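Understanding the architecture of this molecule
Residues per chain, in single letters:
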2 protein chains.
Amino acid sequence: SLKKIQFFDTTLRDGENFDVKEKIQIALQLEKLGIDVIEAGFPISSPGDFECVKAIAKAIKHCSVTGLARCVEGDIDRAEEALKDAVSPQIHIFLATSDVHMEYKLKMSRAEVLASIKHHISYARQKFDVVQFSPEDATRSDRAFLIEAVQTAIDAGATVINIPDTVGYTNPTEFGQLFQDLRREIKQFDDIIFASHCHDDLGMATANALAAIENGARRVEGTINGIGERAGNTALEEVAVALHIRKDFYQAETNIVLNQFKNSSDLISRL
Amino acid sequence: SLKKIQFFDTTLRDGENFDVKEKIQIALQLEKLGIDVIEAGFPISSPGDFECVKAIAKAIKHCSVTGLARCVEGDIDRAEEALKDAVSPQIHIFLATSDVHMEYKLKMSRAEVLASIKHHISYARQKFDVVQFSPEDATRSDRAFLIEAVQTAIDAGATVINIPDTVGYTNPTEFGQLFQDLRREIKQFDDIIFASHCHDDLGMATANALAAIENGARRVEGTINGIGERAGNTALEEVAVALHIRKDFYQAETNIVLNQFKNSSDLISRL
């Protein structure tokens, strides 16, 4: 039917072997496939990444290109530099919101986390019209606080909120509920693009992405083939095919060119 | 916690290359793994199957062995013959319950279907203490009628009801609801073992098996690796690992020896 699901591919990021011309090649196949957003890299991470993100940003003419940044002004500056020639640039910023991460990793309190999010999302918003924000480790976050962190990013200018199952152990019941909670508590929900980024540790990343869509998500992030990370990401091909075959149930359309999926798939496998 | 999930493996059936000694070898690895029921074959289908089912029935001493039969007295006779030396034999009988199958395949009305089910389940029950029944194509069956066919099998002596997503296009929402409906409409539900047999056409077989367990199923049928059929079956390893890792959520135990999963897996892949 009428609701539109966007696709966000992070294949070029979770190459964790791809050389430069190979990244460019993949990127152009992704674009051909009708992927809406290509995450090209994490520019601050190394000079190589920086040049690679620039390279893909220059090659792409028909979709959006994005790069990763922490809540650190330098990363955002570097991403803005990397993406300056993108036809439709975005930036993807993240910060963990779970108790364990805040205590042991960030060494920051809830108040500090919300304050970092507000500052860095606003900071980025001055440079990018489209700011995606991900509360890292969302699925193990205190739920009230997860809602706080997400409201904070929205207030500050984030127009895409991506919910990752960073650990990979959620299920459709638990994840769908997470989205229900966001819908109920975030007044701006219907004006904001919500995405998921599921991991396949338990073999449920596809079901999890679709449960998020049944519950409000209008975007799915993942990879060609579901490669990456420990136990893999959401296989975008599986999600697109489920939406197509059960259009009666999901009532959604996408921009994907279905017949370009095996090209995309064989290319990625080949490398 | 306290509820027990049984595992039903059909690897030796959806070898659709395995030779005789290889089937016996797999069967004994399955048994080692702690699988509760091994479906050894479909005895009526060929004399080879018959001898293979006999062979596995003789080798197995610590779990149950089962074979397939249609609702045809000859199949059941042949299965009874095949399994006569099983330490804990069962039989698995099936009949389609969807409008399309009844019209185009069976060429039988609803009344005829229920009457076949009653007759052949009772027939089998005289020979086997444990009769499993599967309404083939359950997930595309009229729901009221699916409930009729399942009630009929129970009344007639079936103590295990297996719900297959024969076509492979269901999802956790739709499947969980199917189980909710059975629970609400079948007075004997809590006295009857309910299982699922999901297919992985959409990449959701694992999530689907777990959704059936959240909703009353106390048994899961599938294969080592999820091999078989068109697009594969439920990967029993994924289901067992999800139950273990999220015991907090699923609150279930199994009889599986988790550390025997890679042996089982490498054996099956090797062949």
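Residues numbered from 1 in each chain as written, not as in the entry; some residues may be left out. Chains lettered and ligands numbered in written order. Heavy atoms only, no water.

Looking at the entry header, you'll see X-ray crystallography listed as the method and 2.100 Å as the resolution.

1. So, unusual backbone geometry
All names here are of chain A. With a phi close to 90 degrees, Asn-225 is a non-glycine residue in the positive phi region. Position of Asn-225 among the secondary structure elements: in the loop between β8 (219–222) and α9 (236–245). Given a relative accessible area of 34%, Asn-225 falls into the partly exposed group. With a phi angle near 55 degrees, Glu-229 is a residue other than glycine that sits in the positive phi range. Its location among the elements puts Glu-229 in the loop between β8 and α9. Looking at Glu-229, the relative accessible area reads 39%, which means it is partly exposed. (Helix = DSSP H or I, 4+ residues; strand = E, 2+ residues; numbered from the N terminus. Buried < 20%, exposed > 50% of the residue type's maximum accessible area, 1.4 Å probe, protein only.)

2. Some thoughts on the packing of helix α1 (residues 20–33) of chain A against helix α11 (residues 261–270) of chain A
Residue and element names in this part refer to chain A. Between α1 and α11, the least distance of the axes is 9 Å, while the angle of their chain directions is 165 degrees. The orientation of α1 with respect to α11, classified from their angle, is roughly antiparallel. With respect to the hand of their crossing, α1 and α11 are arranged in left-handed fashion. Seen from α1, the contacting residues are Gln-25, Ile-26, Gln-29 and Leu-33; seen from α11, they are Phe-261, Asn-263, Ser-264, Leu-267, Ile-268 and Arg-270. (Axes fitted to C-alpha atoms, helices over the stretch in contact; angles between N-to-C directions. Parallel < 35°, antiparallel > 145°, perpendicular 65-115°, else oblique. Left-handed = near helix turned anticlockwise from the far one by under 90°. Contact = heavy atoms within 4.5 Å.)

3. What to know about the environment of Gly222(A)
Residue and element names in this part refer to chain A. Counting through the fold element by element, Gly-222 comes out in strand β8. Classification of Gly-222 as buried rests on a relative accessible area of 0%. When the C-alpha positions of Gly-222 and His-197 are compared, they lie 6.2 Å apart, and in sequence the two are 25 residues distant. Not counting residues up to four positions away in its chain, the partners in contact with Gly-222 are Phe-8, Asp-9, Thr-10, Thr-11, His-197, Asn-233, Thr-234 and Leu-236.

4. Considerations on the relation of the copies chain A and chain B
Here the second copy of the chain follows from the first by a rotation about an axis and a shift along it. The two copies are related by a screw motion: chain A maps onto chain B through a turn of 180 degrees and a shift of 0.0 Å along the axis, at an RMSD of 0.0 Å. Seen this way, the second copy is the image of the first under a two-fold rotation axis. Within chain A, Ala207(A) has its C-alpha nearest the rotation axis, a separation of 3.2 Å. Take the interface residues of chain A: 100% of them recur as interface residues in chain B, which is what a same-surface contact looks like. (Least-squares fit on C-alpha atoms.)

5. Describing the UniProt feature "binding site: Mn(2+)" in chain A
Residues and elements named next belong to chain A. Sequence positions flagged by UniProt for "binding site: Mn(2+)" are, in local numbering, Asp-14, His-197, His-199 and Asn-233. Along the polypeptide, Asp-14 turns up in the loop between β1 (3–9) and α1. Ignoring anything within four residues of it in the chain, the contact list for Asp-14 reads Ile-227, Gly-228, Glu-229 and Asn-233. Dropping the residues within four chain positions of it, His-197 is found in contact with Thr-10, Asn-162, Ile-163, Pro-164, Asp-165, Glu-221, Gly-222 and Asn-233. (UniProt positions renumbered as here; feature names shortened; annotations may be inferred.)

6. A closer look at the pattern of salt bridges
Residue and element names in this part refer to chain B. All chains considered together, the criterion is met by 40 salt bridges over all chains. The shortest N-O distance in the salt bridge between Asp-99 and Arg-110 comes to 3.1 Å. Of the two residues, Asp-99 sits in helix α4 (residues 99–106) while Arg-110 sits in helix α5 (residues 110–125), which places them 11 residues apart along the sequence. The closest approach of N and O atoms between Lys-247 and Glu-253, which form a salt bridge, is 3.8 Å. Using a relative accessible area of 31% as the deciding quantity, one classes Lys-247 as partly exposed. (Salt bridge = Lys/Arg side-chain N within 4 Å of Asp/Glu carboxyl O.)

7. Considering the packing of aromatic side chains
In the structure shown here, the tally under the stated rule is 8 aromatic pairs over all chains. With a centroid separation of 5.3 Å and 80 degrees between ring planes, the pair formed by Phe175(A) and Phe179(A) is classed as edge-to-face. Of this pair, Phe175(A) and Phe179(A) both sit in helix α7 (residues 172–185), 4 residues apart, which is roughly one turn of the helix. Here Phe175(A) falls in the buried class, since its relative accessible area comes to 0%. With a centroid separation of 4.9 Å and an interplanar angle of 80 degrees, the aromatic rings of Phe249(B) and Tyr250(B) are classed as edge-to-face. Given a relative accessible area of 5%, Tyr250(B) falls into the buried group. Here the guanidinium or amino end of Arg78(A) rests over the ring plane of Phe50(A), the centre of that ring lying 3.5 Å away. (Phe/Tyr/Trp six-rings, centres within 6.5 Å; stacked < 30°, edge-to-face > 60°. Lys NZ or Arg CZ within 6 Å of the ring centre and 35° of its normal.)

8. Focus: the pairing of strand β5 (residues 131–136) of chain B
Consecutive side chains along a regular strand alternate between the two faces of the sheet. Residues and elements named next belong to chain B. Of all 6 residues making up β5, 5 are buried, and the element is well covered by its neighbours. One ladder, built from 6 bridges, connects strand β4 (residues 89–96) with β5; its direction is parallel. Looking across to β5, one finds that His-92 is bridged to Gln-132. In this fold, β5 hands off to helix α6 (residues 143–155), which returns the chain to strand β6 (residues 160–164); that crossover is right-handed. (Pairing = 2+ DSSP bridges. Right-handed = clockwise from strand over helix to strand, strands pointing away.)

9. Section: the interface of chain A and chain B
Taken together, the contacts link 20 residues of chain A with 20 residues of chain B. Here chain A meets chain B over a buried area of about 1,600 Å², counting both sides, of which 60% is carbon and sulfur. Linking chain A with chain B are 2 salt bridges, by the criterion used here. One salt bridge in this structure joins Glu174(A) and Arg246(B), with 2.6 Å as the shortest N-O distance. Taken together, the links from chain A to chain B amount to 6 residue pairs in polar contact. (Buried area = accessible area lost by both parts, 1.4 Å probe. Polar contact = N/O pair within 3.5 Å; in protein donor to acceptor, adjacent residues only side chain to side chain.)

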